[PDB]
Every structure is written in structure tokens, then in C-alpha cells.
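Two forms of a single protein chain come next, each set out by itself as C-alpha cells; they are called structure 1 and structure 2.
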Structure 1
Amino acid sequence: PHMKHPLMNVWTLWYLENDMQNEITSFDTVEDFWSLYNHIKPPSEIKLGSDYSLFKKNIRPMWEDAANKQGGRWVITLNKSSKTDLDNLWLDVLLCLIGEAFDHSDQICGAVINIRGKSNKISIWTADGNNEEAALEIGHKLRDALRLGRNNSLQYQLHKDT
């Protein structure tokens, strides 16, 4: 019979309309991830100005929290993306996270998609902005896994530098 496939980590989906984060659902198997993803609006259909975030259990999508404050993010820009391309990129990011695709996946905190009209942003948040080996491995694998191009302007920013 079918048996669920556990994930290495527990993850939580957060939704921001525009402190103000809403904790939606947690899951810890591949099938529970799909049960959630299959039933909720994809990024291409959520309210403009909102965010989805997927973070490891006990980390929130708030940069000033202790878990994130010394960290940073790899930021991917999506200018006027088609709906299927937007949704597919977000899903592939989520799968990189929950599947522990990074050698330094331990340094991963979560990912955030900002739905912002003409442009959208997907960011992967890491715990220690000064961990050179981890930051670079994660960035390189994102580029490859997502087939990012120059127009995505993949870049790394410390949270403290805004």
C-alpha cells in the first residue's frame, strides 16, 4: 500500500496580506506538501501585494527575529513573468527546500515570494550571511536548478543592509 514519505524537516506555509504574517499549515511529508500545494491558490492567483513564505519549523519570515537577523537572502527578480512560469519557479524553489537539495541545506531558513504586479520576487533566506561556502553553494545551485538567466539578477543581500 501507499506510505507517506517523510521530509528531513518540518515546514510551515505563511501568508502575508500586504507582526502581520499568518501561519497557515505545517507539514512533514512529501504527500502532505502536495495535499497543501494542490489545494491552495498558486502565486499567479493570490491577491496582488501578498506573499507566500515557506520556512522551517520555528523560523518566521521576519528578518529581525533571532533566527534570521545575521542572515541574508538570494533574491531572484521576475519581470512580467507568465503565470505558468511564475508558478513553476516557485514550486521548484519549494521542492529544492523540502527535498534538501543543497549541500548546505542546513543554512536554509526558508523562501519568500512577493507578488507585486509588474514584477515579482522570490528570495531564499539563509541563516549566516558571513558563511561564504554555504552562501555560494546555495546561490550556485539555485542558478542551475532554476535555470536562471541574467534577467533574474540573482544577487545576495544581508538582511541588515536592507
Structure 2
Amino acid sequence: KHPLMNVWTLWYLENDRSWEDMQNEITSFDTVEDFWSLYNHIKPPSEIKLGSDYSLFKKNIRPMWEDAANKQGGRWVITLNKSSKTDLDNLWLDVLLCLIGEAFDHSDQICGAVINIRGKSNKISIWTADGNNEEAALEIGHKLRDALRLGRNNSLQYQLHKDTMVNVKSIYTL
């Protein structure tokens, strides 16, 4: 097997009637082979039920801002149309490959990623540890823009977690 730099944990959120126990820790992996073994046997985002999330975070980091790893952080947000024109599945995978492949110079600043399946739109977000660290967020954000081929008219928006829990304010845009 080919080892990964970090150990990653896949989470799956599904709406049920629970409050914060709606988040399910599926499994963890630390090799490329085991990643695919997991990815090959789960539904792609496009087939996921409305209101559900996939989240991939480093080991011992919960997919919530309250976590000690996310408390001072923020996220690069990608908003997407519901239409089939959007390459939602391949875009989510490329985000995952960026993560586990450690495509970022500030690897220690990466916490994870989340894909939200909502009614009006879908959101893919990359979570980083320190919002104040401009050099970190930007380096990561630029790696994303150049890797994801978002285009001219599409923008990456960085949002502090504190601003989310209040039409969310962004502090960086790419």
C-alpha cells in the first residue's frame, strides 16, 4: 500500500429525528488504496439525499467549527448550481485528492473539507485552522483555484467560522 502523509476520517451527515448526533463517523484511512476502497463503495455526492453532508477531516478533528482544530479557523467556499451542467462529483473528488495528496504547502493548516447538499444550491468548502493567517489561507486558496478549474466568473470565498454562525461575510476572495 501507498501511505498518506495524514490519517483521514470520512463523516456522513444525514437528517434524522437527534441534534448533533446526526453526524456519523464512518471510517478512517491512511493509505491511497484504502481511500479508493472506501470511495468506490459509497454514493457520489450527486446521489446523496437532500440535507446530507460528506466530510473528510484529519484524524481527531470533528467536522464542526467548535473543534479545537477549527475554532480559530475558516473555510474556502465554492457555491454550485443544482443543474447537471455542474461537474459536482468530479469536483468533490478533486478536492479530496488535493487533501490526501497534500497539494498545499501549508499542510498543517488544512483541517478538512465538506460538501453540503441543500435545496437552493450545493456547497463545497475547504476548512483551514487559522483565519488570521493570511499567507496560509491564500496559498491554499490559490492551490484550489489552479487545481479545480473554477473559471473566470466563479470565485473562491474565504469565510471565518465566527461569521458563519450569525449572507455570510467573506474576508478573502479569489
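Throughout, residue numbering runs from 1 along the sequence of structure 1. Shifts are known only where both forms have a C-alpha. Heads up, when I say rigid core I mean the largest set of C-alphas that superpose within 1.5 Å between the two forms.
Remark: with the core as the superposition reference, the CA shift of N152 between structures 1 and 2 reaches 2 Å or more.
The Cα position of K118 changes by 4.0 Å between structures 1 and 2 once both are aligned on the rigid core. On the core-superposed pair, the CA position of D85 changes by 1.1 Å between structures 1 and 2. Listed in sequence order, the runs of at least 3 residues with C-alpha movement of 2 Å or more between structures 1 and 2, after fitting the core, are 80-84, 149-153.
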